[PDB]
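As you go down the protein sequences, you meet chains B and D in turn. The first sequence finishes on residue 461 if you use the deposited numbering, and the numbering steps up by one all the way, no holes. The second sequence finishes on residue 462 if you use the deposited numbering, and the numbering steps up by one all the way, no holes. Reading through the structure tokens given below for one structure.
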Amino acid sequence: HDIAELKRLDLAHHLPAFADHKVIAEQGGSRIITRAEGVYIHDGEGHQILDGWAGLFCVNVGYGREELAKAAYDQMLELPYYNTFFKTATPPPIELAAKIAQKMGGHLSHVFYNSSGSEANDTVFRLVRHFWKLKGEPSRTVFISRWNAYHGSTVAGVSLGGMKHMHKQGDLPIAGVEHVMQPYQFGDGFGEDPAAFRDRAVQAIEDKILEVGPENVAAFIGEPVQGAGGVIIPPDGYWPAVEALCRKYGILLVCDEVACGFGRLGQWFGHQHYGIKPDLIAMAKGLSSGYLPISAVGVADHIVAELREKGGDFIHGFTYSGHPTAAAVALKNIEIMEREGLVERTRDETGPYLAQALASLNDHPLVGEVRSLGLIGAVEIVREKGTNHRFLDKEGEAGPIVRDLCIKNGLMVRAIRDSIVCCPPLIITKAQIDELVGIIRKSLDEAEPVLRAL
Amino acid sequence: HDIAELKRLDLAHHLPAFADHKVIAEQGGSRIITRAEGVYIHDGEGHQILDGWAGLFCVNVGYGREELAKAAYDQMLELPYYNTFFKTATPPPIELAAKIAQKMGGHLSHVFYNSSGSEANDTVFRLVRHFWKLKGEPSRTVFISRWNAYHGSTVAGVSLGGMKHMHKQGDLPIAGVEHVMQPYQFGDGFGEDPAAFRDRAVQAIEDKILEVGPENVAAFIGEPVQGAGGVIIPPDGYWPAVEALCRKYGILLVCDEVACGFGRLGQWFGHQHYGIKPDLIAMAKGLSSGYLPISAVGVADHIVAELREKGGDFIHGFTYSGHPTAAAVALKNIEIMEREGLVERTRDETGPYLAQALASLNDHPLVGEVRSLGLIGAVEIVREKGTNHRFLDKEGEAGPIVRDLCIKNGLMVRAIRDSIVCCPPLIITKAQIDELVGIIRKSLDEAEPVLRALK
Ligand SMILES: *Cc1c(COP(=O)(O)O)cnc(C)c1O
Ligand SMILES: *Cc1c(COP(=O)(O)O)cnc(C)c1O
């Protein structure tokens, strides 16, 4: 590879995602990643980087899976593409559907296929509203979400999400979406009793339901753990109370499993850790470990019963819905996870080990709080020990500084506000977990003098 | 494959797209497609079917490309995925970006990556509105489209599209989207002078611009040829007049190239056939010939200038934006098109031949009109020769009947209302074009007695 040419071509022809393109230009183009193996990334100048984010919350089985490349090759030779539009289907999405249904459990029996997690939430949006029309309750149209939630980057995905700065671009959210407080203990309930803060966050949902009018509410949607929002782990008892709220007013419960799904929290889906029974779930990312684009919506049997008994077209779907090659890779990816027991390993081995390893950072003068569940975790950066006070009293200044030192020291982790977030592949060893935490501590030590000088 | 078992699993676990699931259940599950080669499809019960729709307007290089399977395998070994979120990129999307920009021409210099054509229009929606905010014209928010347009299946894609029945599901369109008449001569301008009907269709866009308020309009979006709507080919002079309209009121011109792109109309992009210069285009389907999911938005240089000069995050993108394996396959797909010259072949050879072959159906008692451009075409079904009158005076009855007979006779074509539309892979031979048209005529002959017996 000609790295200088790829950087020039990047600026001249490529618009990266979630990027300030003035910043990209000022650094002379994007940083070129050329190869990867196991849990490590290699860039244009030869630097080995421990990928503490598994690509983008997705590469769960790790890099270097020749077995997955082979699965794609074989299916592309036999049948690279056909549609599911013409009363037709192909083997791979059908066999993958039965496998996903096995992992979803409960009444989640069917899947609708898309490509990205964002589309899956578009599918949730249209299917939920169509379902209530078939049920004879057409007034049920409003979706209730939370501030700092992330549900994708489509128009509907941004609307369902709670990123106010993301809402601005596109003049979003669209109508029929409401947002309430997030159960963020460290930021918004610091010093509150967890049970009392939880009740406040649950009550905010009920207040919104009553304001909208229960007969007008279609569903509540939420991530089991808010990933892109900074690993917001809700207090104990939050999700059971939210489910009871949904059942009380007869609204659907939707869990966005795009990040929490497929082993991230020690379960096949995040909602199973909390023992709740959603009516729909969105999934992607870890579905194929990012090896090929594919996503799906898990659909409850009683939703399918309306489609099967009332009839009528559900006028919804994408060209690549059920793509046989992407489906075959996702199927093999699940089989690799089953074979190697990566879901159980996260719950019983690496998850707890990550929790103890991150807890050793608690004594650092810059660390306000560490938290983790399975193989996702966050480290809070504070200017005053024992508080949630942030440097310059302006969240987002200290974060990037610590992040850049981690990257300089060979660890790819990201800063969400002043929270350093990690999300490594599920194959990470305990020694590599110690390496990850070691680099964070090393970067915090270096960050201390520059942060004090702000 | 255990076909009976797959049908069981299909009903028990799979929700197909654009489907009546009661109908699927009543037939005992979806029809299983197992393998394909060249332009032919094979199902569970052994039937060979000429794929007159190239999968779903997408399989342009045809089936059986081991070269594309190899390109995917090699890239997945070296680097299966990394993101473009962290000021990072990988070689394949960068190399694909330069190739696409070379084919787009004009001021279309940059691409933003997604997975589906629907997402591409979501990217158009947010980028156009963000662009006008950076330009200091925040009132420019409204998109103008057309009835019977198709722009995807996301909430924004359905909103931008003009399928009224699709709008109902989801209670769409969202605010800030207006729809005007489609330039459908056969259905809505039968007996009108084409130039006067064209002017009527262009004036409806201007009327909407003035109603919304020119300072409040962000862009006009349209397919060069309306694909899913039934191959609606606009009258001559329509698109040049539409471009002038956009330039007159200073609004952006967006062409949805997801179906028309990559050789379908004899050009790398449909708008190039009409000589117009859109500010943004959406592309997918033929981008990778459907071999892997990938899509892109072509972005004009002056749009990028706002991002580069004003700065600020464009808070938009997908996990698989710029997926290296999908990009490598799309790049190899374009190289196959270049090597085999399918773009020039469609413009000069197979495109005109399809028009000549379809024109032989003009003498059939059921055919009201045939039309085509490149390798997409439509055959109108009428109950009265020389009119646009439809069987039972209710569009959509005759269509499915002729379509089902085509499928029985070994040709996969679809009926849009009472229009039989074809869109075969670009590698189709002239003999296979004659086979396709022959099966259509055979099915029309068989359909004539049952259609005359309606009611
Ligand atoms: C990543 C993410 C999405 C969006 O998924 P894409 O494939 O990038 O469109 C949606 N919801 C959650 C919880 C996510 O983490
Ligand atoms: C196919 C189509 C779309 C939607 O593309 P998907 O990949 O199915 O989401 C958008 N616009 C046009 C013109 C199309 O033909």
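The C-beta atom is built at its ideal place from N, Cα and C for all residues, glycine as well.
Spanning the alpha carbons of residue 452 of chain B and residue 459 of chain B requires a straight line of approximately 12 Å.
The beta carbon of residue 300 of chain D sits closer than 7 Å to the beta carbons of 122, 123, 333 from its chain, once the five residues preceding and following it are set aside; these are given in chain order. Runs of the beta strand (DSSP E) lying entirely within the region 341-421 of chain B, each at least 3 residues long, are 374-380, 383-388 in chain order. Contact with chain D is found for residue 124 of chain B, since one of that chain's Cβ atoms lies less than 9 Å from the residue's Cβ. Residue contact check for residue 23 of chain B against chain D: a CB pair falls below 9 Å. Within chain D, not a single residue places a beta-carbon under 7 Å from that of residue 417 of chain B; the smallest gap is close to 15 Å.
By the Cβ test, the region 60-77 of chain B is in contact with the region 333-347 of chain B, since at least three Cβ pairs between them sit closer than 8 Å. Shown here, residue 197 of chain D sits in coil according to DSSP, grouped into three states, outside any helix or strand.
Residue range 259-263 is occupied by the beta strand (DSSP E) that includes residue 263 of chain B. Taking 8 Å as the upper bound on Cβ-Cβ separation, chain D lies near residues 101, 102, 104, 105, 107, 108, 116, 117, 118, 119, 120, 121, 122, 123, 124, 125, 126, 129, 132, 133 of the region 101-133 of chain B.
Runs of the beta strand (DSSP E) lying entirely within the region 44-132 of chain B and spanning at least 3 residues, in chain order: 47-50, 55-58, 115-121. In the three-state scheme derived from DSSP, where H, G and I count as helix and E and B as strand, residue 35 of chain B is classed as coil. For the C-beta of residue 38 of chain B, the chain D residues within less than 9 Å are, from N- to C-terminus, 93, 94, 95, 96.
Remark: C-beta atoms of residue 347 of chain B and residue 68 of chain B approach each other more closely than 9 Å. Looking at B:183, B:184, B:204, the one whose alpha-carbon comes closest to that of residue 191 of chain B is B:204. A Cβ-Cβ separation of about 7 Å places residue 235 of chain D in contact with residue 423 of chain D under the 8 Å criterion. Listed in chain order, the non-local C-beta contacts of residue 437 of chain D below 6 Å within the same chain comprise 360, local neighbours out to five positions each way being set aside.
Secondary structure of residue 253 of chain B (DSSP, three-state): helix.
Contact between the region 273-284 of chain B and the region 80-100 of chain B is not established, with fewer than three Cβ pairs separated by less than 8 Å. A straight line joining the alpha-carbon of residue 356 of chain D with that of residue 108 of chain D spans about 26 Å. Closest option to residue 306 of chain D, judged by alpha-carbon separation, among D:290, D:316, D:431: D:290.
Between residue 184 of chain B and residue 152 of chain B the beta-carbon gap is near 6 Å, inside 8 Å, which marks them as a contact. Under the Cβ distance rule, residue 77 of chain D counts among the residues neighbouring chain B, one pair being separated by less than 9 Å. Around the C-beta of residue 369 of chain B, fewer than 16 other C-beta atoms lie within 10 Å, and the residue is accordingly described as exposed.
A Cβ-Cβ separation of about 17 Å leaves residue 167 of chain B out of contact with residue 223 of chain B under the 8 Å criterion.
Contact between residue 295 of chain B and residue 96 of chain D does not hold, since the beta-carbon distance rounds to 21 Å and is not under 8 Å. Not one heavy atom of ligand 1 lies closer than 8 Å to the C-beta of residue 161 of chain D.
For residue 309 of chain B, the enclosing alpha helix (DSSP H) stretches over residues 308-317. When C-alpha distances from residue 349 of chain B are compared across B:146, B:8, B:434, B:302, the shortest belongs to B:434. Here the C-alpha atom of residue 135 of chain D lies approximately 7 Å from the C-alpha atom of residue 225 of chain D. For the C-beta of residue 69 of chain B, not a single chain D residue is nearer than 7 Å; the gap to the nearest is close to 10 Å.
Here the distance from the Cβ of residue 128 of chain D to the nearest heavy atom of ligand 1 is not below 8 Å. When C-alpha distances from residue 195 of chain B are compared across B:441, B:394, B:455, the shortest belongs to B:394. In terms of CA proximity to residue 353 of chain B, B:382 leads the group B:382, B:329, B:343, B:263. A Cβ-Cβ contact shorter than 9 Å links residue 418 of chain D with residue 59 of chain D.
Here residue 15 of chain D carries a helix assignment [DSSP, helix/strand/coil].
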